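Comments concern the structure below.
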Amino acid sequence: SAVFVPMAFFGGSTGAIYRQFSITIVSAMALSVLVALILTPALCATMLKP
Amino acid sequence: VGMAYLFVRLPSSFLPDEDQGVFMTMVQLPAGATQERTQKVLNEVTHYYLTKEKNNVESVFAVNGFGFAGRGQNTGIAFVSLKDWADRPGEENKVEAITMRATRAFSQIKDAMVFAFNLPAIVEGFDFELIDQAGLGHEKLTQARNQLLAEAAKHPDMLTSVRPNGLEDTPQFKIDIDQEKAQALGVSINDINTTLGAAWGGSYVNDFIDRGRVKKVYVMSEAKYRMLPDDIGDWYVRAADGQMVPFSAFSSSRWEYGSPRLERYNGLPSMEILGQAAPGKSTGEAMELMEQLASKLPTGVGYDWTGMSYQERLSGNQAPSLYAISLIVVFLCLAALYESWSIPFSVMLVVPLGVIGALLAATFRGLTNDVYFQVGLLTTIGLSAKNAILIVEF
Amino acid sequence: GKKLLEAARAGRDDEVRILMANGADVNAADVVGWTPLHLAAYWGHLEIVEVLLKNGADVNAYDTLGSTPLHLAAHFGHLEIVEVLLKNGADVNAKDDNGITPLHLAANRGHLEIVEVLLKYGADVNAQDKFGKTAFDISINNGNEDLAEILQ
Amino acid sequence: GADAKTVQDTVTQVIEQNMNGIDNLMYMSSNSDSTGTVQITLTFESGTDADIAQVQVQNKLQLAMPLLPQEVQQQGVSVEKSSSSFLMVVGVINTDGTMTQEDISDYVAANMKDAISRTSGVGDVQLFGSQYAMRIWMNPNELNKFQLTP
Amino acid sequence: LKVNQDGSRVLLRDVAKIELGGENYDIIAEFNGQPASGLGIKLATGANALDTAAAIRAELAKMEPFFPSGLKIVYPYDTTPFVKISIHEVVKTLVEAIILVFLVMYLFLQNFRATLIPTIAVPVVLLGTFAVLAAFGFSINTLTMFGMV
Amino acid sequence: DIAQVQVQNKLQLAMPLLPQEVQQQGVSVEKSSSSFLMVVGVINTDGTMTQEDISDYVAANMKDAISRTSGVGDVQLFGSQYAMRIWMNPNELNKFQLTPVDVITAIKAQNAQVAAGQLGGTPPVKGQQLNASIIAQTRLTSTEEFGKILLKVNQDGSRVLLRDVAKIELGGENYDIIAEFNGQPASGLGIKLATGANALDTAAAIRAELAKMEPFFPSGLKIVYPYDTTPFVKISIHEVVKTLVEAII
Amino acid sequence: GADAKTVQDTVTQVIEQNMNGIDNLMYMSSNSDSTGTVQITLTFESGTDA
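Chains as they are written, first to last, in the entry's author numbering: chain S, 450 to 499; chain W, 550 to 673, 679 to 948; chain A, 15 to 166; chain Y, 51 to 200; chain U, 251 to 399; chain L, 101 to 349; chain H, 51 to 100.
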């Protein structure tokens, strides 16, 4: 997030366009972490074979 | 340093100019050009599409009289649909090529500017203005631009194509109403000027109802009686003694030139200019040369940038600043877990390792440093960051 | 081939030179009647005029309405051009359809030098336009003391 | 029926000069062509609601309106918050030929175009033709014969 | 127009020529070489594009039953199917990506059971993103949707 | 913003009941705070320009720009933009048997800009080659040109021109506002704020708006800043920042 | 003093036709009674600042 949230900071229509990506992947990634942090351990703990 | 070089050499676009399945064509005729002639040219273009690119074009919709520069008899435009992408595989069957061939053919058409293009990935190079600051007047600003464009021409290296966006001065017909005569013959100047206008320009009288719906009532001369300069005299106006007078009696005419499409920029007279940086060269330098080319012109003439040119002023490159803050907020935010001095730096070294492939894989498929390549970079570095992080952390 | 018209239009003296020397019609007339001499005498380019006159371009050529290049030069204050056209045999009393002479016309837009040159080459300071005004008359009515006193 | 200089000086200027104290404008391009038409685009510092941007502009258009000629204001003057690029274009045609071009244009204008024009997101629907009008075509000789003028 | 001195009348049709016609005669359009008119439709800044067109086919869908004989609509210039297709293509890249992931997962963990785990977790993330970027006022556009691949 | 629209759109509930003379003079709705953020004057150093010259100049080529810039409510101009001024004499008029009405009528008639149409205009008779605009009359541009307006031809033939019975000069639209700087003559831009505006930022824009002007000034003409809120605030924050540092010490 | 047809054709229509490119309207009812009065209500997609 510290590499690409800054790219939301470009002004102009250039940055207008950069905004979409810049945030869309931080959103996608941050939840990606929160879900991987909640769901995946659960699902690992329960569905894997010993 | 391989990265630094391969980076600094790679070209930079905005977005890919994609096959939008549709495109557009420009038909622009010379001075004093008439509707009929334009209609000819439009038919030549339409012909091309319908006959020669049967395989691609799906339908041409073309209009005489609706310029995108703006209206005229001497302007037309063809909206082109294409056949589906499925039903035309191959570059040769893709928009860019189609436009190329199209243009190539239309170049053959004498006595017209016709070319065809795709509308850029932004549905809604430079745009340079030239302002009449000190009130020098249209023919002097004409001269100012003539001098500027034909002195720019002397820099093929620096600037590739410097053209005016407007229409050029064109013949127009001056009538001078002898006031003294008008008064002598007892014919009112209102009656005169109205007669002229209504006959030749047309006049909106009042409204009528046409099948339940209000529309205009226009009075105007039959075509044949307003098609030529000598037709001017044929019109009579009634004087106070009930006696008819011809326009010849109290008018006088002569030909002159003048612009059929004046312009102003921020309330002051201006004339607009288009051009772009020559192959290999940055917009910024092209603009700088134009900036100093302007300085050697008559006094009262100044300049301003608009639109895209105006934008590139606010900022064009902040990447080295905001990637710098990206680099520090990254230098420290990693240590916010490694709780270590300089340990993040180790992960940091790997950042160029990733971008090398990205950079070359663009350069070999001949692609460009664009928004997509940028966001690409961010994702790739972030991934190789993850991989290196997990290694050093373990 | 009649690009010569627009050669006179846009200036470009040396392209007029290329074109005149490979055989383009030097008297070619456009949709308004205006020849390259008319065009030059309007947009005030001497050298174009020379390259045109010496090659024997009609000097008393007229457009619709009968306006001479001497008319055009006379109005716009192209004092340099009017002298060269005059030395090349330009009819000084030539009349557009409306009765206007180059003298009248110069007399109306306040060029004192050109009214002189026209009078030196033997203009008629009595020629009457369709409304019957003399060059003198259109000075009184302009409030110009100088032309009136000159045009005695 | 107005030339470009007329339409510059009598309309375009009496509008520009009345453009003051409106928010956020970057500039004011202004073409004034000889077909008797004016178009003045004001472009605003990006991210500024078009709605109010618009009101400021048109209400001072009405600071200017009573100085523009009768002929032009009765023809109307419009302020539109429009992007520059046709989202689509729909045509109509007669298959039989039983309808000339001007018929089609009218039809669209008179019973299609008002509806489509109202719908939201729509800046200015351009009509590729004209709605009808009662047209009186005048003859100078016949008029003179009876001793009449336009 | 006037009654003559002798009594006779001059009517407007006697000295003028009356017909129904265009308000202007400058704009002449033609489609596929046969004569036509149309609606060039612009956008109002800030408008929703596909939604506007979606409204326009609506606005227009009510018209045909009252058309005169022989009159038919046609769509020579249309941005939308580009965007329907632009999102069709990305959605299909996404699915086939989920496939390919599941293959590299099987080929590495070599068990049907194991491979269910990471597979299930991806959709949850990716649609989850619609939720959050909806809540920041961002649209499911060409750019955004393309970003999520 | 909306406060404003509600007001002015019902100003246009009222507009067609106000006299022609007042609406043609215009009526304005402005969302203005009450207090000049600054005032900038101009003067000629040489004296080669009278007061009304300065006023015009500012109005005609400075004031439109500064007026457009945001945060700006109503720029007050300390003088007037020029106008063609006809100064009338009752005796001379009477002599020729004329009223101000005949002068006014004549000016409207002979200083007109007339729509005249086109040669070859659509819809045209097929085979037309020439398509051209007709020019009729243009607004007059000069005292001289207004001079030669024709009021009437006398019974004997002779003409009465406007300059024969009136007196024409370029002058202020009003002559009420006379400004002066340091005892030498001047005009200026009294600039107000538009409510909600950002003050320093507005001024920051105003020095910008104005910084582009000087190269096209006539000889002898120079700007000057007799009333300016900003350096108070630059200093007000300078002082606090320095108290902060020395406090940290 | 105007009849309903007059007030329909001379006022009401020259207003309706000029209703274009305004946001969010659901429809435009329009009574035109013979007492020389027009009333045209435009109703807007609910929750759209008046």
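Note that the Cβ used here is the ideal one computed from N, Cα and C, for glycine as well.
Assign residue i to one of three DSSP states: helix, strand, or coil.
{"i": "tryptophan 754 of chain W", "result": "helix"}
{"i": "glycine 464 of chain S", "result": "helix"}
{"i": "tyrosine 56 of chain A", "result": "helix"}
{"i": "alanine 831 of chain W", "result": "strand"}
{"i": "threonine 574 of chain W", "result": "strand"}
{"i": "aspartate 568 of chain W", "result": "coil"}
{"i": "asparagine 592 of chain W", "result": "helix"}
{"i": "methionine 184 of chain L", "result": "strand"}
{"i": "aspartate 101 of chain Y", "result": "helix"}
{"i": "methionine 69 of chain H", "result": "coil"}
{"i": "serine 880 of chain W", "result": "helix"}
How close, in whole Å, do the beta carbons of residue i and residue j come, if the pair is a contact with beta carbons under 8 Å?
{"i": "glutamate 66 of chain H", "j": "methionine 78 of chain H", "result": "7 Å"}
{"i": "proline 285 of chain L", "j": "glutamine 151 of chain L", "result": "4 Å"}
{"i": "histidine 85 of chain A", "j": "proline 116 of chain A", "result": "5 Å"}
{"i": "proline 783 of chain W", "j": "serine 807 of chain W", "result": "7 Å"}
{"i": "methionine 798 of chain W", "j": "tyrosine 790 of chain W", "result": "4 Å"}
{"i": "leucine 79 of chain A", "j": "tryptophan 809 of chain W", "result": "7 Å"}
{"i": "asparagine 667 of chain W", "j": "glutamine 569 of chain W", "result": "7 Å"}
Does the CB of residue i have a neighbour CB from chain S at under 8 Å?
{"i": "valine 883 of chain W", "result": "yes"}
{"i": "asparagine 361 of chain U", "result": "yes"}
{"i": "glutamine 865 of chain W", "result": "yes"}
Among the options, whose alpha-carbon lies nearest the alpha-carbon of residue i?
{"i": "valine 374 of chain U", "options": "S:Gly464, S:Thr463, S:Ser476 and S:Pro455", "result": "S:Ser476"}
{"i": "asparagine 144 of chain Y", "options": "U:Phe358, U:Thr295, U:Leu359 and U:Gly288", "result": "U:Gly288"}
{"i": "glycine 621 of chain W", "options": "L:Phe136, L:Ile335, L:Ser233 and L:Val175", "result": "L:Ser233"}
{"i": "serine 450 of chain S", "options": "S:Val482, S:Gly460 and S:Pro499", "result": "S:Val482"}
{"i": "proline 326 of chain U", "options": "W:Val612, W:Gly616 and W:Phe682", "result": "W:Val612"}
{"i": "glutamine 176 of chain L", "options": "L:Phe136, L:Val203 and L:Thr205", "result": "L:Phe136"}
{"i": "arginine 765 of chain W", "options": "Y:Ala183, Y:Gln125 and Y:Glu192", "result": "Y:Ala183"}
{"i": "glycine 829 of chain W", "options": "W:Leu739, W:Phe680, W:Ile729 and W:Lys770", "result": "W:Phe680"}
{"i": "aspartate 788 of chain W", "options": "W:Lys603, W:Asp795, W:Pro800 and W:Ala777", "result": "W:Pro800"}
{"i": "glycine 51 of chain H", "options": "H:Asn68, H:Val88 and H:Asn74", "result": "H:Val88"}
{"i": "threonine 148 of chain A", "options": "A:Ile114, A:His125, A:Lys134 and A:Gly157", "result": "A:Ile114"}
How about residue i: is its C-beta nearer than 8 Å to some C-beta of chain Y?
{"i": "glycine 71 of chain H", "result": "yes"}
{"i": "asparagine 391 of chain U", "result": "no"}
{"i": "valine 855 of chain W", "result": "no"}
{"i": "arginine 767 of chain W", "result": "yes"}
{"i": "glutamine 67 of chain H", "result": "yes"}
Looking at chain L, is there any beta carbon in it that lies within less than 8 Å of the beta carbon of residue i?
{"i": "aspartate 276 of chain U", "result": "yes"}
Checking contacts by CB at 8 Å: is residue i closer than that to chain H?
{"i": "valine 771 of chain W", "result": "no"}
Please check if any C-beta of chain A sits within less than 8 Å of the C-beta of residue i.
{"i": "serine 715 of chain W", "result": "no"}
{"i": "residue 403 of chain L", "result": "Outside the shown range of chain L (101 to 349) lies residue 403 of chain L, about which nothing can therefore be said."}
Regarding residue i and the ligand PLP, is the C-beta to nearest heavy atom distance less than 7 Å?
{"i": "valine 375 of chain U", "result": "This structure does not include the ligand PLP; it has no bound ligands of any sort."}
Under 8 Å between C-beta atoms, does residue i make it to chain C?
{"i": "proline 718 of chain W", "result": "Protein chains in the displayed structure are S, W, A, Y, U, L and H, and chain C is not among them."}
Could you confirm whether any beta carbon from chain W is found closer than 8 Å to the beta carbon of residue i?
{"i": "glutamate 273 of chain U", "result": "yes"}
{"i": "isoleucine 234 of chain L", "result": "yes"}
{"i": "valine 88 of chain H", "result": "no"}
Does the CB of residue i have a neighbour CB from chain U at under 8 Å?
{"i": "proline 223 of chain L", "result": "yes"}
- For the stretch 59-135 of chain A, which segments carrying the alpha helix (DSSP H) assignment without a break, of at least 4 residues, lie completely within its bounds, in sequence order? 60-67, 83-90, 93-101, 116-122 and 126-134
- Query: Which ranges does the alpha helix (DSSP H) cover as unbroken runs of at least 4 residues, wholly within the stretch 206-266 of chain L, from first to last along the chain?
  - Reply: 243-247 and 262-265
- With a floor of 3 residues, list each beta strand (DSSP E) that falls wholly inside the stretch 105-170 of chain L, ordered by position along the chain. 138-144
- Length-filtered (3 minimum) beta strand (DSSP E) runs lying within the stretch 723-780 of chain W: 724-731, 757-763 and 768-775
- Item | Residue ranges of each alpha helix (DSSP H) within the stretch 805-877 of chain W, 4 or longer | 837-849 and 861-868
- Task: With a floor of 4 residues, list each alpha helix (DSSP H) that falls wholly inside the stretch 309-397 of chain U, ordered by position along the chain.
- Result: 330-359 and 362-384
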